[PDB]
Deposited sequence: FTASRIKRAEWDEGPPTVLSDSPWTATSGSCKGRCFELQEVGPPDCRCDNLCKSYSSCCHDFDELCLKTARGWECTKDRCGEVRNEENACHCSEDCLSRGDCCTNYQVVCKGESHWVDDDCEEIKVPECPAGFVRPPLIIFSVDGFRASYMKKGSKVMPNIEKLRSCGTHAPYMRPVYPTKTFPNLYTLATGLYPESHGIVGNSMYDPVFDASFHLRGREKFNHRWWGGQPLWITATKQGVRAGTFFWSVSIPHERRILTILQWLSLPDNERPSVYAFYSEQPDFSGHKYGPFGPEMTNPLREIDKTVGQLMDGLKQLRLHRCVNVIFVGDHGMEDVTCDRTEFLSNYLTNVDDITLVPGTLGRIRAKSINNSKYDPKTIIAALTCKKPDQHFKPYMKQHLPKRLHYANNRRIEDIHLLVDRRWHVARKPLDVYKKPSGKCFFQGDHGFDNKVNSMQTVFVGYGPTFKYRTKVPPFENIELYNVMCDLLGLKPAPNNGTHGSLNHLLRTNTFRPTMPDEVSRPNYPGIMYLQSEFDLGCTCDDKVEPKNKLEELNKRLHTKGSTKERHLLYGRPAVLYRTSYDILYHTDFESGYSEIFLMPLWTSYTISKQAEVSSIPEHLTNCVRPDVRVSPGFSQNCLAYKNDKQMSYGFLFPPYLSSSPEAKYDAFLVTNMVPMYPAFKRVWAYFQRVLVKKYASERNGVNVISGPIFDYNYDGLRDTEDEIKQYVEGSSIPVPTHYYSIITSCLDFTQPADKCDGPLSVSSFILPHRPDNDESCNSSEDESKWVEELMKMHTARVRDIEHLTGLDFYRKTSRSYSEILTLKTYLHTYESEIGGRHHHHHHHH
C-alpha cells in the first residue's frame, strides 16, 4: 500500500528514496507504482519538447516547460541542452576539435572529477566501426579518449548478469544474478526481469559501486532507471543533480539506455532498422556533452561509455527442441533460449536422473547445435558453477541458435536477434570508451573483461574496492593518473632443495625400468644439471611462488624444473623451454613402461606403480614430455616417478597429442615457447585451489589424489623475431585448463584422429593465467624485466581463437 496523496513539489528526482507507505519521487518510483499523485505533472514535464529555438531565447520563465531558454536557466541548472548553441552562439561539443585534457578543469567546490557511466544495452562492439558515420558524438569520445576495440562481457551474455557485474566487479556466480530468470531453491523463490521479486535485496550479492562510494563518504544513488522515464528526462535529471550544492551533489552518476538491444531483438544486429536507434543514442550522448559544456564540466567529468553484451542473428527456425531427444520431457523444467538450464520439474519425482538426461542429449544428431554439460564440466573460463541458482545440467548453445523444451513453446510464446551465448563469441563482444581528465588521450588499449572495470571506477573516485574478481592494476594502462600500484603477493611456503638421499633398494613401489644402461667428463655434467645448471633456460620468469602453507621440493633436471608437492605426491608445476629448433623423439621400446624412483624424494612421499596396476580405470602420464627430451640420456629423467601424474586413458589421448604434436607446433610458430604444466584440484567447483581434505577421488587403494583438470601456460616473446629464451620486451601467452575426464563425450568427433578434435577441445578450454593462479594458489611471472602492471595485464589475457 502507498499513500500516493503526498506530493512531489520540490522533491522531483530526489536521490534518497522514502519509506512506505509514503509516496516516492525518486527515479525508481514508477517501477514500484508508488510515485506521488503529482509526479507526472511536476517531474515529467514535456511542454515544448527538449530543444531551445530562436523564438524561445530570453523567454520569460514558464515553469510548465520541459526545459528552459530564459536567461535564468543557467543559474537554475535547467536549460535545454542546446540553449547556449541556439541562444548564445556557442558550438555543439561534437563540433569542437579535441584537445587533450591534461588536468581536471572543474568549477570551484568540486572535490573530485565526477564519474558518469553511460550504459548501452546490446551495443555490439562492431557498431563502433560499422555505425561510426551515424554516431559522431560517440566517435569523438572514442577517438579522443581511451578505447578498447572490444570489451568481453561475462557469461551468460544477458543484461542483468552483465550490468550487475559492471557494478560489482564480480562473476555472476558470486554476485548471484546468474540469469535474467532464476530459481533459488533455498528461498524457494523465482526472479524475473518483469515484476517485483527482483526488488527484494536478497537476490543481489556483492557490493555495487554506489554502496562502495556511500560507505566511503562519496555521494552516489543507484544506477537503475524506471523504463518509462524518457532518455531526454534522464539526461536533464543528471545535469540538474550536477547543479546541486557541493554538500548535496553526487560524485557518480549512471545513465542507462534500453537501446540498441530493444531494436536488435526485432531486427537483428545489422537490420536496416538499426541505423535510427544508433542515431538516437548518439543524439543522447550529444545532449549530455552539450549539457556538460554549458555547466563548464566537459573537461572535468570522466565519462565511461560501456555496453553490457552484443547481439547475434537468431530466428525461431533455428531452435533445437528437447522433445526430439528426451522421452521424459514433461519431467523437466528448462530455462530456455541462448543457454539451457535443466532441473527436475518435481523434487518428489525419485526417478529423475541427470546421468540419463545428459546421455540422451549427447552427440545424438550430426549437426547438433547445443552441447550438454554438468556445470562442473563447463569451461573454467566461464566461472559459471558455484551458485545454487545455477542448475546442475547446462546446455551450451551454438551461436545463432536457441534451445527450447517443445515446439509449442516457440509459436505459443517475430524476433531476429538475441544474445546470451559463450562470452568469447565475437557477436557477444561489447564496447568500452573512457573520456576525461583521468583517462588517457587518443589511446587504444587491448580488449579486456568487464569484471575489471569496478576497480577502475573505484580508482577514478578514490575508493577502496570491495573484494572482487578484477585484478587491480591490470587496467592501469587506461589511466593518466590515479593508477593503483599493487605489490606482488608474499610467498608463504619456501621450497626444500633435496639432494640425493635414498638408495634405490629403499623403494618398493612396484615400478620397473630398463635403465641399468652402462666417466668423470660427463658425470660432473649430470650432477650440475641436478643442481640447477640449466635452470635459467627452463625457468624463464622465476619460480612460481606458493601462496599457501605446504611442503614441497624443487627438483632440477637437464630439460625441466619442477615444484614437487610432498602432500599431493606430484608436481604443483613443471617448467620447461622448447626452442624453435627442438626435435621430437619417440618413447624408446625398452622404456615404454619405465618408471624410475627419484633418489631425492622419500619412498613415503612418492607415487607407486602398483596402485596404477590395480586401478583398472586409471593410467598415468608425465608432466614434462619424454617426446621432447634433449638427448637419449636426458630422456631417463622424464620417467622419474616425481614427473608422473594420474591420467584416465581417454584423457591421455588428449595429453599425448598436446605433448607430442602441439608443443613443437607452438615452438615452431612462436619462435620457442616456455611451458608450465601442472594439475588442478577443484572438486567443489568454486574456481579455487582445493585443500587436501576436499579431494573426492584417489587412485584406487592409494593416497594419490586425482586432478579434476590439467593446465598449461605457454609463454613466448611478443616480438617473435626474438626466441622465447632471449626476449628483451613484452611477453605473449596462451593457456588452458583441460578437464580431466574419463571419456571424450564432450568431443563428438573423438573417434577420429586427434588432429581433428584435440586442438578444438583445447580452444574451448582456453584460460587466463589468473584463472590458473586461483585454482592452484601459485603466483607466476615473479622475475621478469617488465613492470608489475604490465604483468597483471598479461595474467588477465585470454587467447580466444575467434576471427577478426
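According to the record, the deposited residues with no C-alpha atom in the structure span 1 to 23, 437 to 441, 547 to 548, 835 to 846.
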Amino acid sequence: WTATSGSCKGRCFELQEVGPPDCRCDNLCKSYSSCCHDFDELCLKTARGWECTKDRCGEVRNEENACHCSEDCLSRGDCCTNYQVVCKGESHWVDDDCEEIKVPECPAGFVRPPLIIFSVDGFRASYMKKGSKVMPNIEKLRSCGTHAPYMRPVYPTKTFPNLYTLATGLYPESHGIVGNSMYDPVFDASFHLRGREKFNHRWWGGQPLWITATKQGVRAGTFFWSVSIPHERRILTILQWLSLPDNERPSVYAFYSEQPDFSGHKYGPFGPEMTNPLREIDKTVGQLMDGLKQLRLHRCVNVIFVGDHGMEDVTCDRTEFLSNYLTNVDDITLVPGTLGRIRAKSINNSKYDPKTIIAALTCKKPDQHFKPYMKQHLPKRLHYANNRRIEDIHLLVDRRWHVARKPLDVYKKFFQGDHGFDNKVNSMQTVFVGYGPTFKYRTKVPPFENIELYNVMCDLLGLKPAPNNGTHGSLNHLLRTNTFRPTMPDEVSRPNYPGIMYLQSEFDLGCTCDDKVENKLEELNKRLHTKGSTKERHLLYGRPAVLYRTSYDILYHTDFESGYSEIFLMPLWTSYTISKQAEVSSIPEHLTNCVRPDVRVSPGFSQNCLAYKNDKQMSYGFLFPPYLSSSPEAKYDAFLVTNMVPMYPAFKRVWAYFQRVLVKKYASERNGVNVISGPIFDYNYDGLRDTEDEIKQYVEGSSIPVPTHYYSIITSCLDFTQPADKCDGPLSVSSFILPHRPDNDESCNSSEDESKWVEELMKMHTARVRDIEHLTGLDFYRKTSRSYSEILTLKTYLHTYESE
From here on, numbers count along this sequence of modelled residues.
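Superpose the two forms; the largest set of C-alphas matching within 1.5 Å is the rigid core.
Superposing on the core and measuring CA offsets in 6 other deposited structures of this protein, the stretch of 220 to 228 and 130 to 138 with the greater mean deviation is 220 to 228. The segment moving more, judged by mean Cα distance from this form in 6 other deposited structures of this protein after a core overlay, is 190 to 198 among 190 to 198 and 450 to 458. Of the two segments, 476 to 484 and 439 to 447, the one listed with the higher mean B-factor is 476 to 484 (C-alpha atoms only). Here the stretch with the larger average CA B-factor, out of 202 to 210 and 328 to 336, is 328 to 336. For the set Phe720, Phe624, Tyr620, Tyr541, the maximum C-alpha B-factor listed in the entry falls on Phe720. When the C-alpha B factors of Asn27, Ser735, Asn744, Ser751 are read from the deposited coordinates, the top value falls at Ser751. In the PDB entry, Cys67 places in the highest third of its chain by CA B-factor.
In this PDB entry, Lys763 carries a Cα temperature factor that places it within the middle third of its chain's modelled residues. When all modelled residues of the chain are sorted by CA temperature factor, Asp317 is found within the highest third. Sort the modelled residues of the chain by CA B factor and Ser602 lands in the middle third. Among all modelled residues in this chain, the alpha-carbon of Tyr164 has a temperature factor (C-alpha) in the lowest third.
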